[PDB]
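Student: what's the 3D shape of this:
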Amino acid sequence: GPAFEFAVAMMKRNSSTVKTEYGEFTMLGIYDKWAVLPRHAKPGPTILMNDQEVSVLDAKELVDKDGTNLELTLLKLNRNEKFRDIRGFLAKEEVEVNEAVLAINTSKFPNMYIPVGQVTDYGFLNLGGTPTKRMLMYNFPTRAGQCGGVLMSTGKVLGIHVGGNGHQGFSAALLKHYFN
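Tutor: Numbering: from 1, shown residues only. There you are, the coordinates:
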């Protein structure tokens, strides 16, 4: 039900596909010139966004207070076009929901909309040797690789998909306080 329509509305205006040396990723524009990618995308000063080149003015790999990884890279795009401001839709705290949608939007998985259901706070994972905090889990009984993605419920952007293991998938929590 309503998570889907919400997801689509967000992806329609604020999602893009980004290609770096480490693959192809859903990116999520948040406000102004600021977007979020998974940290493992490792964007350089020029990204490919919808297969065109875009200059990156500033990058921020997020860590918590302890400098523990959060697996999110904020990037500031050299564009005059502003993203629709979806800061008001980001999770403030509450990140365990019964009905979530994962939305992947890449050149390989265009407009993929999965009802993943219940979202559980995991906390720590070891992502490729890096301790990472504020991880979310959900059932995702399939492939997909590191394609990014946007985890959403009705009225709330929850997370950025960092991958899965054939049964579960995982998101980095995308908190309101990250953007101011």
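Student: List the contacts of residue 115.
Tutor: Contacts of residue 115 were listed using C-beta atoms under 8 Å, 6 or more residues apart in numbering, and they are 3, 4, 99, 100, 101. Where C-beta positions appear, they are placed from N, C-alpha and C, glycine not excepted.
Student: Flag every buried residue along stretch 116-132.
Tutor: By 16 or more other C-beta atoms under 10 Å, the buried positions in stretch 116-132 come out as 116, 119, 122, 125, 127, 132.
Student: Next, format those as a markdown table and append distance to residue 62.
Tutor: Formatted as a markdown table, the entries for the buried residues of stretch 116-132 read as follows, by distance: C-beta to C-beta, whole Å:
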| residue | distance to residue 62 |
| --- | --- |
| 116 | 23 |
| 119 | 20 |
| 122 | 17 |
| 125 | 15 |
| 127 | 13 |
| 132 | 10 |
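Student: would you turn those into CSV with distance to residue 36 and secondary structure?
Tutor: Conversion of the buried residues of stretch 116-132 to CSV gives the following (distance: C-beta to C-beta, whole Å; DSSP: H, G, I helix; E, B strand; the rest coil):
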residue, distance to residue 36, secondary structure
116, 19, strand
119, 18, coil
122, 19, strand
125, 18, strand
127, 16, strand
132, 15, strand
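Student: of the residues you listed, closest to residue 70?
Tutor: Of all those, the one with the least separation from residue 70 (C-beta to C-beta) is residue 132, at 6.7 Å.
Student: Please name the residues that touch that closest one.
Tutor: In this structure, residue 132 makes contact with 68, 69, 70, 71, 124, 125, 126, 172, judged by C-beta under 8 Å, 6+ apart.
Student: let's go with 10 Å and repeat that
Tutor: With C-beta atoms under 10 Å, 6 or more residues apart in numbering as the criterion, the residues that contact residue 132 are 39, 63-64, 68-72, 122-126, 162, 170, 172.
Student: do residue 107 as well
Tutor: Residue 107 makes contacts with 17, 19, 24, 48, 50, 51, 147, as judged by C-beta under 10 Å, 6+ apart.
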